[PDB]
Every structure is written in structure tokens, then in C-alpha cells.
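Have a look at run.cif below; it lists mmCIF, N, CA and C atoms.
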```cif
data_start
#
loop_
_atom_site.group_PDB
_atom_site.id
_atom_site.type_symbol
_atom_site.label_atom_id
_atom_site.label_comp_id
_atom_site.auth_asym_id
_atom_site.auth_seq_id
_atom_site.Cartn_x
_atom_site.Cartn_y
_atom_site.Cartn_z
ATOM 1 N N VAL A 1 -134.901 -105.465 -74.301
ATOM 2 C CA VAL A 1 -135.221 -106.543 -73.367
ATOM 3 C C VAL A 1 -134.982 -106.098 -71.928
ATOM 4 N N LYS A 2 -133.817 -105.507 -71.662
ATOM 5 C CA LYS A 2 -133.528 -105.002 -70.323
ATOM 6 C C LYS A 2 -134.555 -103.967 -69.878
ATOM 7 N N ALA A 3 -134.951 -103.067 -70.779
ATOM 8 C CA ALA A 3 -135.963 -102.069 -70.443
ATOM 9 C C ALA A 3 -137.249 -102.725 -69.948
ATOM 10 N N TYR A 4 -137.738 -103.735 -70.668
ATOM 11 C CA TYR A 4 -138.916 -104.466 -70.209
ATOM 12 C C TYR A 4 -138.693 -105.142 -68.861
ATOM 13 N N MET A 5 -137.445 -105.462 -68.515
ATOM 14 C CA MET A 5 -137.118 -106.021 -67.208
ATOM 15 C C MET A 5 -136.607 -104.968 -66.231
ATOM 16 N N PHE A 6 -136.970 -103.704 -66.444
ATOM 17 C CA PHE A 6 -136.472 -102.598 -65.633
ATOM 18 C C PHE A 6 -136.631 -102.872 -64.143
ATOM 19 N N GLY A 7 -135.531 -102.728 -63.405
ATOM 20 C CA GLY A 7 -135.495 -103.035 -61.992
ATOM 21 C C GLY A 7 -135.162 -104.467 -61.640
ATOM 22 N N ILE A 8 -135.084 -105.365 -62.619
ATOM 23 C CA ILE A 8 -134.646 -106.738 -62.400
ATOM 24 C C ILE A 8 -133.304 -106.927 -63.091
ATOM 25 N N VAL A 9 -132.326 -107.430 -62.342
ATOM 26 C CA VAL A 9 -130.981 -107.682 -62.839
ATOM 27 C C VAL A 9 -130.644 -109.139 -62.561
ATOM 28 N N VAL A 10 -130.062 -109.805 -63.555
ATOM 29 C CA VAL A 10 -129.775 -111.234 -63.508
ATOM 30 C C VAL A 10 -128.266 -111.437 -63.477
ATOM 31 N N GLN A 11 -127.800 -112.245 -62.526
ATOM 32 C CA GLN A 11 -126.383 -112.518 -62.346
ATOM 33 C C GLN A 11 -126.189 -113.985 -61.998
ATOM 34 N N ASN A 12 -124.987 -114.469 -62.263
ATOM 35 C CA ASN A 12 -124.523 -115.752 -61.755
ATOM 36 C C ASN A 12 -124.235 -115.654 -60.261
ATOM 37 N N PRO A 13 -125.004 -116.317 -59.388
ATOM 38 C CA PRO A 13 -124.826 -116.096 -57.943
ATOM 39 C C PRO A 13 -123.439 -116.446 -57.436
ATOM 40 N N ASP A 14 -122.729 -117.343 -58.115
ATOM 41 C CA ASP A 14 -121.386 -117.720 -57.698
ATOM 42 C C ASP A 14 -120.343 -116.661 -58.031
ATOM 43 N N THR A 15 -120.655 -115.720 -58.920
ATOM 44 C CA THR A 15 -119.704 -114.695 -59.335
ATOM 45 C C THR A 15 -120.432 -113.357 -59.396
ATOM 46 N N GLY A 16 -119.724 -112.334 -59.869
ATOM 47 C CA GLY A 16 -120.326 -111.051 -60.178
ATOM 48 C C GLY A 16 -120.666 -110.858 -61.642
ATOM 49 N N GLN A 17 -120.734 -111.954 -62.398
ATOM 50 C CA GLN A 17 -120.866 -111.886 -63.849
ATOM 51 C C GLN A 17 -122.338 -111.868 -64.250
ATOM 52 N N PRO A 18 -122.878 -110.754 -64.746
ATOM 53 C CA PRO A 18 -124.141 -110.824 -65.485
ATOM 54 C C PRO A 18 -123.947 -111.306 -66.915
ATOM 55 N N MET A 19 -124.991 -111.949 -67.432
ATOM 56 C CA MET A 19 -124.988 -112.427 -68.809
ATOM 57 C C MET A 19 -124.772 -111.279 -69.789
ATOM 58 N N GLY A 20 -123.856 -111.485 -70.732
ATOM 59 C CA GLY A 20 -123.552 -110.490 -71.734
ATOM 60 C C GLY A 20 -124.582 -110.420 -72.848
ATOM 61 N N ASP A 21 -124.364 -109.449 -73.737
ATOM 62 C CA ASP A 21 -125.233 -109.243 -74.891
ATOM 63 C C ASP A 21 -125.234 -110.424 -75.852
ATOM 64 N N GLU A 22 -124.178 -111.238 -75.847
ATOM 65 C CA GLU A 22 -124.117 -112.398 -76.732
ATOM 66 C C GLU A 22 -125.320 -113.313 -76.539
ATOM 67 N N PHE A 23 -125.619 -113.665 -75.291
ATOM 68 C CA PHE A 23 -126.790 -114.489 -75.008
ATOM 69 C C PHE A 23 -128.072 -113.823 -75.496
ATOM 70 N N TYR A 24 -128.243 -112.537 -75.193
ATOM 71 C CA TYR A 24 -129.446 -111.818 -75.608
ATOM 72 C C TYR A 24 -129.631 -111.836 -77.123
ATOM 73 N N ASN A 25 -128.585 -111.489 -77.873
ATOM 74 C CA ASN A 25 -128.662 -111.558 -79.331
ATOM 75 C C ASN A 25 -129.000 -112.966 -79.802
ATOM 76 N N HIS A 26 -128.322 -113.967 -79.245
ATOM 77 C CA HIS A 26 -128.609 -115.357 -79.580
ATOM 78 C C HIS A 26 -130.071 -115.704 -79.319
ATOM 79 N N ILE A 27 -130.573 -115.364 -78.133
ATOM 80 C CA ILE A 27 -131.980 -115.594 -77.807
ATOM 81 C C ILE A 27 -132.891 -114.845 -78.774
ATOM 82 N N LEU A 28 -132.601 -113.567 -79.012
ATOM 83 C CA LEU A 28 -133.435 -112.761 -79.901
ATOM 84 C C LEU A 28 -133.480 -113.327 -81.315
ATOM 85 N N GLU A 29 -132.357 -113.842 -81.808
ATOM 86 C CA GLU A 29 -132.343 -114.440 -83.139
ATOM 87 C C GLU A 29 -133.260 -115.656 -83.215
ATOM 88 N N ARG A 30 -133.205 -116.532 -82.216
ATOM 89 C CA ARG A 30 -134.119 -117.671 -82.192
ATOM 90 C C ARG A 30 -135.558 -117.262 -81.897
ATOM 91 N N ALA A 31 -135.762 -116.176 -81.151
ATOM 92 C CA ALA A 31 -137.110 -115.646 -80.964
ATOM 93 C C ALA A 31 -137.721 -115.137 -82.265
ATOM 94 N N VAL A 32 -136.968 -114.355 -83.039
ATOM 95 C CA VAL A 32 -137.486 -113.885 -84.321
ATOM 96 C C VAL A 32 -137.669 -115.034 -85.302
ATOM 97 N N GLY A 33 -136.830 -116.061 -85.218
ATOM 98 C CA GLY A 33 -137.115 -117.290 -85.940
ATOM 99 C C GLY A 33 -138.429 -117.935 -85.536
ATOM 100 N N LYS A 34 -138.662 -118.073 -84.228
ATOM 101 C CA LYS A 34 -139.906 -118.680 -83.756
ATOM 102 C C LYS A 34 -141.140 -117.915 -84.221
ATOM 103 N N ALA A 35 -141.112 -116.584 -84.138
ATOM 104 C CA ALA A 35 -142.233 -115.797 -84.639
ATOM 105 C C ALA A 35 -142.409 -115.967 -86.140
ATOM 106 N N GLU A 36 -141.301 -116.064 -86.869
ATOM 107 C CA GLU A 36 -141.358 -116.301 -88.306
ATOM 108 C C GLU A 36 -142.064 -117.609 -88.647
ATOM 109 N N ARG A 37 -141.926 -118.638 -87.813
ATOM 110 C CA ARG A 37 -142.746 -119.837 -87.990
ATOM 111 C C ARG A 37 -144.180 -119.653 -87.500
ATOM 112 N N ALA A 38 -144.381 -118.871 -86.438
ATOM 113 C CA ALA A 38 -145.709 -118.736 -85.844
ATOM 114 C C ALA A 38 -146.706 -118.097 -86.801
ATOM 115 N N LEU A 39 -146.234 -117.257 -87.712
ATOM 116 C CA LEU A 39 -146.970 -116.896 -88.913
ATOM 117 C C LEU A 39 -146.111 -117.245 -90.120
ATOM 118 N N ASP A 40 -146.726 -117.772 -91.173
ATOM 119 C CA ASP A 40 -145.965 -118.227 -92.336
ATOM 120 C C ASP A 40 -145.464 -117.029 -93.133
ATOM 121 N N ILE A 41 -144.294 -116.532 -92.727
ATOM 122 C CA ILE A 41 -143.828 -115.194 -93.059
ATOM 123 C C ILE A 41 -142.336 -115.273 -93.365
ATOM 124 N N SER A 42 -141.836 -114.273 -94.088
ATOM 125 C CA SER A 42 -140.432 -113.888 -94.040
ATOM 126 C C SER A 42 -140.317 -112.554 -93.320
ATOM 127 N N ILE A 43 -139.421 -112.486 -92.341
ATOM 128 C CA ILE A 43 -139.432 -111.423 -91.342
ATOM 129 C C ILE A 43 -138.184 -110.553 -91.413
ATOM 130 N N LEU A 44 -137.185 -110.949 -92.195
ATOM 131 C CA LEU A 44 -136.062 -110.093 -92.540
ATOM 132 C C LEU A 44 -135.874 -110.054 -94.051
ATOM 133 N N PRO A 45 -135.415 -108.926 -94.596
ATOM 134 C CA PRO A 45 -135.193 -108.846 -96.045
ATOM 135 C C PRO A 45 -134.203 -109.893 -96.535
ATOM 136 N N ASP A 46 -134.615 -110.639 -97.560
ATOM 137 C CA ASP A 46 -133.862 -111.803 -98.009
ATOM 138 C C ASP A 46 -134.233 -112.115 -99.451
ATOM 139 N N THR A 47 -133.216 -112.250 -100.297
ATOM 140 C CA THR A 47 -133.401 -112.626 -101.694
ATOM 141 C C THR A 47 -133.746 -114.105 -101.839
ATOM 142 N N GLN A 48 -134.637 -114.409 -102.786
ATOM 143 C CA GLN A 48 -135.103 -115.769 -103.036
ATOM 144 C C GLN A 48 -134.948 -116.089 -104.515
ATOM 145 N N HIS A 49 -134.410 -117.273 -104.802
ATOM 146 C CA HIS A 49 -134.364 -117.865 -106.139
ATOM 147 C C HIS A 49 -135.318 -119.055 -106.203
ATOM 148 N N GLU A 50 -136.502 -118.844 -106.776
ATOM 149 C CA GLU A 50 -137.608 -119.790 -106.688
ATOM 150 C C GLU A 50 -137.933 -120.346 -108.068
ATOM 151 N N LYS B 1 -136.143 -58.746 -7.478
ATOM 152 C CA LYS B 1 -137.374 -58.888 -6.709
ATOM 153 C C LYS B 1 -137.403 -60.169 -5.888
ATOM 154 N N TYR B 2 -136.609 -61.172 -6.261
ATOM 155 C CA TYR B 2 -136.642 -62.485 -5.628
ATOM 156 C C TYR B 2 -135.328 -62.780 -4.920
ATOM 157 N N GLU B 3 -134.823 -61.809 -4.157
ATOM 158 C CA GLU B 3 -133.511 -61.960 -3.538
ATOM 159 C C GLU B 3 -133.478 -63.142 -2.577
ATOM 160 N N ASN B 4 -134.509 -63.289 -1.744
ATOM 161 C CA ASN B 4 -134.565 -64.334 -0.728
ATOM 162 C C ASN B 4 -135.800 -65.214 -0.890
ATOM 163 N N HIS B 5 -136.313 -65.319 -2.109
ATOM 164 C CA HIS B 5 -137.435 -66.195 -2.406
ATOM 165 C C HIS B 5 -136.932 -67.553 -2.887
ATOM 166 N N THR B 6 -137.827 -68.536 -2.865
ATOM 167 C CA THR B 6 -137.585 -69.823 -3.500
ATOM 168 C C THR B 6 -138.136 -69.827 -4.919
ATOM 169 N N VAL B 7 -137.565 -70.693 -5.752
ATOM 170 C CA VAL B 7 -137.978 -70.831 -7.142
ATOM 171 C C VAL B 7 -138.001 -72.307 -7.511
ATOM 172 N N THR B 8 -139.037 -72.717 -8.242
ATOM 173 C CA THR B 8 -139.187 -74.090 -8.699
ATOM 174 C C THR B 8 -139.561 -74.109 -10.174
ATOM 175 N N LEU B 9 -139.157 -75.177 -10.864
ATOM 176 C CA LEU B 9 -139.301 -75.262 -12.310
ATOM 177 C C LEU B 9 -139.706 -76.668 -12.729
ATOM 178 N N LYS B 10 -140.631 -76.740 -13.682
ATOM 179 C CA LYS B 10 -140.901 -77.942 -14.462
ATOM 180 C C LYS B 10 -140.249 -77.818 -15.834
ATOM 181 N N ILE B 11 -139.339 -78.738 -16.145
ATOM 182 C CA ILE B 11 -138.373 -78.563 -17.220
ATOM 183 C C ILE B 11 -138.392 -79.788 -18.125
ATOM 184 N N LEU B 12 -138.162 -79.545 -19.413
ATOM 185 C CA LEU B 12 -138.004 -80.578 -20.429
ATOM 186 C C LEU B 12 -136.554 -80.643 -20.891
ATOM 187 N N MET B 13 -135.999 -81.855 -20.924
ATOM 188 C CA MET B 13 -134.619 -82.081 -21.322
ATOM 189 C C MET B 13 -134.528 -83.245 -22.298
ATOM 190 N N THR B 14 -133.514 -83.179 -23.160
ATOM 191 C CA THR B 14 -133.272 -84.222 -24.147
ATOM 192 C C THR B 14 -132.920 -85.548 -23.488
ATOM 193 N N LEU B 15 -133.465 -86.623 -24.049
ATOM 194 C CA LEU B 15 -133.111 -87.971 -23.630
ATOM 195 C C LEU B 15 -131.668 -88.297 -23.995
ATOM 196 N N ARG B 16 -130.976 -88.968 -23.077
ATOM 197 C CA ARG B 16 -129.573 -89.319 -23.241
ATOM 198 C C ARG B 16 -129.293 -90.673 -22.608
ATOM 199 N N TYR B 17 -128.253 -91.334 -23.111
ATOM 200 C CA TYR B 17 -127.893 -92.668 -22.659
ATOM 201 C C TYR B 17 -126.387 -92.859 -22.756
ATOM 202 N N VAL B 18 -125.873 -93.778 -21.936
ATOM 203 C CA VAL B 18 -124.508 -94.273 -22.043
ATOM 204 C C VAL B 18 -124.522 -95.794 -22.052
ATOM 205 N N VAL B 19 -123.510 -96.373 -22.695
ATOM 206 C CA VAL B 19 -123.385 -97.821 -22.827
ATOM 207 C C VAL B 19 -122.733 -98.377 -21.566
ATOM 208 N N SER B 20 -123.528 -99.041 -20.727
ATOM 209 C CA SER B 20 -123.032 -99.598 -19.476
ATOM 210 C C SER B 20 -122.628 -101.061 -19.607
ATOM 211 N N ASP B 21 -123.063 -101.736 -20.667
ATOM 212 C CA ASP B 21 -122.547 -103.048 -21.031
ATOM 213 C C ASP B 21 -122.885 -103.311 -22.489
ATOM 214 N N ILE B 22 -122.078 -104.159 -23.120
ATOM 215 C CA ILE B 22 -122.335 -104.649 -24.470
ATOM 216 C C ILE B 22 -122.675 -106.131 -24.393
ATOM 217 N N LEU B 23 -123.807 -106.500 -24.983
ATOM 218 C CA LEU B 23 -124.499 -107.749 -24.706
ATOM 219 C C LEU B 23 -124.816 -108.432 -26.029
ATOM 220 N N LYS B 24 -124.707 -109.761 -26.066
ATOM 221 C CA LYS B 24 -124.741 -110.523 -27.321
ATOM 222 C C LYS B 24 -123.901 -109.832 -28.396
ATOM 223 N N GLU B 25 -122.650 -109.572 -28.009
ATOM 224 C CA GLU B 25 -121.858 -108.473 -28.551
ATOM 225 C C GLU B 25 -121.563 -108.621 -30.040
ATOM 226 N N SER B 26 -121.306 -109.840 -30.517
ATOM 227 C CA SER B 26 -121.011 -110.040 -31.932
ATOM 228 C C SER B 26 -121.752 -111.230 -32.518
ATOM 229 N N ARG B 27 -122.326 -111.003 -33.699
ATOM 230 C CA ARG B 27 -123.012 -112.002 -34.502
ATOM 231 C C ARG B 27 -122.553 -111.853 -35.946
ATOM 232 N N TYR B 28 -122.364 -112.979 -36.635
ATOM 233 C CA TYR B 28 -121.518 -113.036 -37.821
ATOM 234 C C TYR B 28 -122.199 -113.809 -38.942
ATOM 235 N N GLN B 29 -121.815 -113.484 -40.177
ATOM 236 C CA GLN B 29 -122.270 -114.215 -41.357
ATOM 237 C C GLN B 29 -121.200 -114.166 -42.437
ATOM 238 N N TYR B 30 -120.762 -115.334 -42.912
ATOM 239 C CA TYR B 30 -120.038 -115.432 -44.182
ATOM 240 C C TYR B 30 -121.030 -115.370 -45.342
ATOM 241 N N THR B 31 -121.375 -114.151 -45.746
ATOM 242 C CA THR B 31 -122.205 -113.944 -46.929
ATOM 243 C C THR B 31 -121.433 -114.289 -48.204
ATOM 244 N N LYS B 32 -121.964 -115.230 -48.986
ATOM 245 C CA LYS B 32 -121.298 -115.745 -50.181
ATOM 246 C C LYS B 32 -122.204 -115.691 -51.405
ATOM 247 N N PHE B 33 -123.509 -115.845 -51.207
ATOM 248 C CA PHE B 33 -124.457 -115.814 -52.314
ATOM 249 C C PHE B 33 -124.421 -114.473 -53.038
ATOM 250 N N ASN B 34 -124.268 -114.542 -54.362
ATOM 251 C CA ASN B 34 -124.311 -113.372 -55.240
ATOM 252 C C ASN B 34 -123.183 -112.397 -54.920
ATOM 253 N N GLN B 35 -122.007 -112.949 -54.651
ATOM 254 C CA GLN B 35 -120.787 -112.218 -54.362
ATOM 255 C C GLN B 35 -119.660 -112.794 -55.203
ATOM 256 N N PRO B 36 -118.685 -111.978 -55.613
ATOM 257 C CA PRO B 36 -117.503 -112.564 -56.264
ATOM 258 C C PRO B 36 -116.772 -113.542 -55.367
ATOM 259 N N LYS B 37 -116.757 -113.291 -54.060
ATOM 260 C CA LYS B 37 -116.022 -114.124 -53.121
ATOM 261 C C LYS B 37 -116.671 -114.000 -51.750
ATOM 262 N N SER B 38 -116.290 -114.913 -50.861
ATOM 263 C CA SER B 38 -116.783 -114.894 -49.490
ATOM 264 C C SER B 38 -116.484 -113.566 -48.803
ATOM 265 N N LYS B 39 -117.486 -113.037 -48.103
ATOM 266 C CA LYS B 39 -117.403 -111.762 -47.404
ATOM 267 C C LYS B 39 -117.890 -111.947 -45.972
ATOM 268 N N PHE B 40 -117.247 -111.251 -45.036
ATOM 269 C CA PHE B 40 -117.598 -111.299 -43.620
ATOM 270 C C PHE B 40 -118.321 -110.017 -43.219
ATOM 271 N N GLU B 41 -119.513 -110.168 -42.639
ATOM 272 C CA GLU B 41 -120.346 -109.052 -42.200
ATOM 273 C C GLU B 41 -120.708 -109.207 -40.728
ATOM 274 N N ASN B 42 -120.481 -108.143 -39.955
ATOM 275 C CA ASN B 42 -120.840 -108.084 -38.539
ATOM 276 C C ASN B 42 -122.296 -107.660 -38.368
ATOM 277 N N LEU B 43 -123.112 -108.552 -37.813
ATOM 278 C CA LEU B 43 -124.521 -108.281 -37.557
ATOM 279 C C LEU B 43 -124.713 -107.445 -36.290
ATOM 280 N N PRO B 44 -125.919 -106.900 -36.085
ATOM 281 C CA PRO B 44 -126.136 -105.915 -35.014
ATOM 282 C C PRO B 44 -125.734 -106.374 -33.618
ATOM 283 N N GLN B 45 -125.062 -105.477 -32.899
ATOM 284 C CA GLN B 45 -124.850 -105.606 -31.464
ATOM 285 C C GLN B 45 -126.115 -105.234 -30.691
ATOM 286 N N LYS B 46 -126.257 -105.802 -29.492
ATOM 287 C CA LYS B 46 -127.234 -105.345 -28.507
ATOM 288 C C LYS B 46 -126.523 -104.608 -27.374
ATOM 289 N N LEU B 47 -127.023 -103.420 -27.034
ATOM 290 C CA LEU B 47 -126.444 -102.562 -26.006
ATOM 291 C C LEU B 47 -127.386 -102.447 -24.814
ATOM 292 N N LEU B 48 -126.832 -102.540 -23.603
ATOM 293 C CA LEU B 48 -127.566 -102.218 -22.376
ATOM 294 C C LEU B 48 -127.230 -100.790 -21.955
ATOM 295 N N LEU B 49 -128.141 -99.871 -22.254
ATOM 296 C CA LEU B 49 -127.956 -98.441 -22.052
ATOM 297 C C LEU B 49 -128.366 -97.987 -20.651
#
```
Translate the structure described by the file into C-alpha cells.
Amino acid sequence: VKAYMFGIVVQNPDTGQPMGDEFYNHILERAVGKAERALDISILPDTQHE
Amino acid sequence: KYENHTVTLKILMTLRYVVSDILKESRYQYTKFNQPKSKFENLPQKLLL
């Protein structure tokens, strides 16, 4: 994600704190969820009892 | 050969200056945006050379 934003850095203007990897992972998990709905798919390996 | 002759020259010399007064001498900003804490920065002086 940072690579695609190369040359852009995001910080809290009130502090010197940039957003940590926790937010990115959290966002990425919901992004891969959203894509999983956008096509009727399973997108990570997962056992099913059907 | 030029013991009692006159001599004249057209010459090139480097530009030079001295500060004869300091004018609008200090301008200031408490820069705070995108800083851990308030910071003081001295903005450009104007010099009368």
C-alpha cells in the first residue's frame, strides 16, 4: 500500500504520529472481504462443512 | 620602457557589499501544524546593502 502511495506520507497534524500497520492490516482485511463479496468467491483457504 | 609614461586600465572586479542597515529586521511564525509541538521560526530579514 505504501509503495503505491510512494512520495505521499500521512500523519496526524497535531503530533508526529503516522498511522501504524494495525490500521493498514485492518483496512486490508475488510478490503479483501469486500472483494470477496464483489465476486461470489472464497478468497482465502478455508475448510467447509456443507 | 615606460619610466615616465602614463598608464590607464579598464578593469573587471568582483561585486561586493556591506550591511549598512538592517530593515524589517525580524519576522516570526509559531509553526504548529504537523509538528509534535509549537516551534518558533525566524523569517527572512531585509538588508540595505
**Item:** Contact set, chain A to chain B: 6 Å, only N, CA and C atoms, as a PyMOL selection string
**Value:** chain A and resi 12-16
**Asked** Could you state the separation of CA of residue 8 in chain A and CA of residue 29 in chain A in Å, given to one decimal place?
**Response**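 So the two atoms, CA of residue 8 in chain A and CA of residue 29 in chain A, lie 22.2 Å apart.
Remark: for residue 27 in chain B, the closest of the candidate residues B:46, B:39, B:3, B:10 is B:46 (distances computed over only N, CA and C atoms).
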**Request:** List the residues selected by the PyMOL selection byres ((chain B and resi 14-22) around 5) in the file shown, writing them as a ChimeraX atom specification.
**Result:** /B:12-13,23-25,47-49
**Members of chain A assigned helix (DSSP H, G or I) by DSSP, as a ChimeraX atom specification** = /A:21-38
**Prompt:** Which distance in Å separates atom C of residue 35 in chain A and atom N of residue 49 in chain A, to one decimal?
**Reply:** 20.3 Å
If you take every atom of range 10-14 of chain A that the file lists and fit an axis-aligned box around them with 6 Å extra on each side, what centre and edge lengths come out in Å to one decimal, as JSON?
```
{"center_x": -125.2, "center_y": -113.8, "center_z": -60.5, "size_x": 21.7, "size_y": 19.9, "size_z": 18.1}
```
